[PDB]
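If you read the sequence shown in the deposited numbering, its first letter stands for residue 1, the second for the next number, and so on.
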Amino acid sequence: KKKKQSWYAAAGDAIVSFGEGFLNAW
């Protein structure tokens, strides 16, 4: 019902994308 990304899915996706986001100032 309510979950699209499990803990590992989010932790992978979220953190990797976080880094992508971070590079916007580089």
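Think of the CB as a built atom: it goes at the ideal place given N, C-alpha and C, for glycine as much as any other residue.
| Asked | Found |
| --- | --- |
| What three-state label does DSSP hand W26 in the structure shown? | coil |
| Look at the alpha carbon of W26 and the alpha carbon of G19, and state the distance between them as a whole number of angstroms. | 11 Å |
| Alpha carbon to alpha carbon, what distance is there between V16 and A9? | 11 Å |
| For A14 and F22, what's the separation of their Cα atoms in angstroms? | 12 Å |
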